[PDB]
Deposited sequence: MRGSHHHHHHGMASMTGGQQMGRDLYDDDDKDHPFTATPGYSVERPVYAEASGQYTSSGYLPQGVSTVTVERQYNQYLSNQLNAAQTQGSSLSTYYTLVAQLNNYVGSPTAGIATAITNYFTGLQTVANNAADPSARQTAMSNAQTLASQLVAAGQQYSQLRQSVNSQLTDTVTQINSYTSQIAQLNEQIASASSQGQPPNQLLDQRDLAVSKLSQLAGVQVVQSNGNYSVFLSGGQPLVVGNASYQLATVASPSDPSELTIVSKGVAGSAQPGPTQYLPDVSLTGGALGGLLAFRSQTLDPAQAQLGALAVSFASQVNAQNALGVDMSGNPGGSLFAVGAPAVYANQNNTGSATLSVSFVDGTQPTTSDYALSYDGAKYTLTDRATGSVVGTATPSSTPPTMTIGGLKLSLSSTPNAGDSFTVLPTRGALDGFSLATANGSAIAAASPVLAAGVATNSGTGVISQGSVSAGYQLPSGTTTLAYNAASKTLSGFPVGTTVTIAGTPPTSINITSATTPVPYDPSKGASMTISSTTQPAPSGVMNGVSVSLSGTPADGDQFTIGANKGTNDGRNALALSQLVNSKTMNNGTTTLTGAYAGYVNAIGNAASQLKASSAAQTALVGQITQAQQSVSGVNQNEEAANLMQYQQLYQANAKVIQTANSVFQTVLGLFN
């Protein structure tokens, strides 16, 4: 009966989904262990460097921590792709069995009708339908004693004494994933245009369980874990670039990842190509997307939920746009109906690596040093200074001098703008060595020195911050210049504190906090599916026993 069929197919779907997510969950483990622990350990390793900035051993240990993390992230990429391929193989096996059963049912339709021209054939056919519903959601309908059989979505499988063949082929939106198609009636000369059955329509049975696991658990999980890798690499790289190495040279990258993955949908009629980057690599996207064009606008859709994330109507040629954290660039305007799969973070794991394993490449020192001049007689105290993205240090020493009569500092570099923090902050354009900046000893001053012209022309001080407190005497001086600097660890300290940065979920969660969410999504799915599956399998068992006991 169609009631048992529906219940059975839901049960097979749930148990298939459960088995797969349970496998993933067992693999991923604790939300506060594994990769989260490797990340924590990497940053605490850099704290050790911060206190021993010249020590070769501390740097070697830090690099071993990096290698440990990379090993886990890369192995994670392999596990996700292995599961993804396991789904591919099971989809194909499932389709082979489906074709076997549909052919059997068509054969039985003919054999039964020929006999009525046989209770045992009636049974063989019913058992076939049973077996079939465990593989896919099917609905049967009577017709002159025949069984017509249809996929829940409408696709015929059996019509009288003919059957339809399904196949797996590479999906038009993602060639790493197989999708189900119909090739028309079985045995045909030149099968008519291959019909792409939408994953979402293919509910029930092993089919539906496989597909739901893939789109709702597996692919999101890899996108999320990939996003952590990208954010980690981007943050560490950006902070290392703010320090100097053992040779006093600017830090370079410590980690690298591959670029986003983009597929032109196989249904495309235009010839445009798409490339994608992050607006901010430290805050990457966490899902999978499709960019589609309808002849007037571009839409970015989340592939897991189907929800629109944003639209764009660029006028640029060639077309460039920004949507939902992504910079999207096309070589030309696509045709209406064209689509591109955009996977910004799935592949980050497979390419994750140390850009260098040389411990000397860790830029532990600050590039800048601010200092009180030793002849000062007052109580002025300046911080050691710090730099931000795109800082520049002129070749010479900058010497600030305090004038007690006017209570001002001067000696700033020409062409800079000095911003004093406050509520609100105030800014002063420096136009000569004597341009004064107000200083209140009762309040002190936190100052940022930026190039007035942006971006900064060569040789102009930019991105330098210093704080002054206390009461300088008249003529007291404070210098700002390149750090030297051989065992300074201010930047290693900054690197180590990246562990507390909130770069995920719109600036609300840390890397390890985001890792815990990624694990818990999998864990929560598994525990719910365990109960849902147990309940449904039990019920299917009961309906089966009921049917086996009828008159």
Ranges lacking C-alpha coordinates, please, mapped onto the deposited sequence and listed in sequence order. 1-78, 196-199, 634-673
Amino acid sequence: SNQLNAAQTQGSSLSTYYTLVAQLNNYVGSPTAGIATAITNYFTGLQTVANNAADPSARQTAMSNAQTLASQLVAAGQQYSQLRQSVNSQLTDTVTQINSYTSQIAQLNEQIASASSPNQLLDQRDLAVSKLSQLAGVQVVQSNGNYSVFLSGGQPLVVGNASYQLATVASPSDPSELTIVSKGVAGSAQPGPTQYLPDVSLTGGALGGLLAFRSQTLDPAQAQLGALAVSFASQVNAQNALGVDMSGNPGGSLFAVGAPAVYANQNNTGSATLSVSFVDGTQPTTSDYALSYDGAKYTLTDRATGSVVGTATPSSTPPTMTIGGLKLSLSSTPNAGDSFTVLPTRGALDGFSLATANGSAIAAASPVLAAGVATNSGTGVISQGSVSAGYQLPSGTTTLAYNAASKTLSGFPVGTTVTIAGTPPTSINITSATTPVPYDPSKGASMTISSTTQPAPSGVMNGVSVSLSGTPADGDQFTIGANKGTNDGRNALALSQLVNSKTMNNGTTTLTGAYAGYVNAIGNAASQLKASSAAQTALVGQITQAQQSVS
From here on, numbers count along this sequence of modelled residues.
Mean Cα B-factor check, 90-98 vs 436-444, entry values; winner is 436-444
Stretch with the greater mean C-alpha B-factor as recorded in the entry, comparing 226-234 against 204-212: 204-212
Out of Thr419, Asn376, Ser395, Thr285, which one has a C-alpha B factor higher than all the others in the entry? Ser395
So among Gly310, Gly243, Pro344, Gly372, who wins on Cα B-factor in the entry? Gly310
Could you say whether, by C-alpha temperature factor, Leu300 belongs to the lowest, middle or highest third of its chain? lowest
For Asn487, does the deposited CA B-factor place it in the lowest, middle or highest third of the chain? highest
Would you check the entry's CA temperature factor for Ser501 and let me know if it's in the chain's lowest, middle or highest third? highest
Considering only modelled residues of the same chain, in which third does the CA B-factor of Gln124 rank: lowest, middle or highest? highest
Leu108 CA temperature factor, ranked by third within the chain: highest
